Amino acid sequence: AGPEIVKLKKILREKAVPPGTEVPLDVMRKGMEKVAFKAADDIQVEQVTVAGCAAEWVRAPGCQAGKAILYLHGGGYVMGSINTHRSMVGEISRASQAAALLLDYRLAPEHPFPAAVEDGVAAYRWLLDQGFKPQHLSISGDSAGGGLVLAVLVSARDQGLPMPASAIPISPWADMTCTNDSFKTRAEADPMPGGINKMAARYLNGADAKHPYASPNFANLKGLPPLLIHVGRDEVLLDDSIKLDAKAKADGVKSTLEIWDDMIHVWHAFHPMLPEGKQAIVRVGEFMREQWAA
């Protein structure tokens, strides 16, 4: 275990609010903004509006003409923003040599399920309409956002939309039931959750937690593009990625599950201090480029 992940796990354990104190949503949202990493000075950003949502084109240097990534941020379907993800998305854009469309999709509880999925699908549609070819496209996201990558793909497929060249969910939350064994077995190692149940409750607002667009681990994934699934060994969401990979394989989809030793939830986000975060970002990008060369 690198000295950085040890130092980071310690820092995160010190920061965390104790088991089952209830942090108000607006407090959680402000907290996340306030501690957001600043994107590198060479990331260029352009504000756009897409599907009635704020968005930024986020462009590292080296980006190729005609390529784009639809990026779906994490935050449990209740928090997160363009601002909280711009740093990490800039790096992914760097690694992939493609611009990213970073979407401020609708959040719960103000906009419950399925609003987020409507927004991702419509953004994908908007990309297609702008003239990006599906083979020049990828979709990626982290956490809630990683589940939403999959939900958008299934929904788009159902609506006759063509599939992109790849999708890359990062530590996806693909099952709203939160019944997976790893919530028990990986809980001590995972410094990043009745908290997550409140998030599901707020997003679902009474909807079936097994609805395929909420919980794509229960979805028919037949026809989906090649997948890279990144997940940390030390996270409560491990089984989400493992079962996602199973479902994908069974449904005929090319899937690559990478379980990173010692890593925590969306460890990519800590790329400034974590060499493994930088490495996993580079890997994300190489895979997008592999699939665009195919």
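Numbers for residues come from their place in the sequence shown, where the first is 1.
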Residue gap status of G74, at least a third of other entries:
no
Taking the other compared PDB entries with both flanking residues modelled, is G194 unmodelled in at least a third?
no
Sequence continuity check, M192 and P193 (deposited residues unmodelled):
1 to 3
Greater mean Cα temperature factor according to the PDB record, 176-184 or 73-81:
176-184
In the PDB entry, which of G147, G90, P134, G120 has its C-alpha at the highest B-factor?
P134
Consider only the C-alpha atoms of the modelled residues in this chain, order them by B-factor as the entry records it, and name the third containing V284: lowest, middle or highest.
lowest
Assigned third (lowest, middle, highest) for the C-alpha B factor of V266:
lowest
Per the entry's values, where does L128 land by CA temperature factor relative to the rest of its chain, in the lowest, middle or highest third?
highest
For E110, the third of its chain by CA B-factor is the middle
Which third, lowest, middle or highest, does the CA B-factor of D158 fall in along this chain?
highest
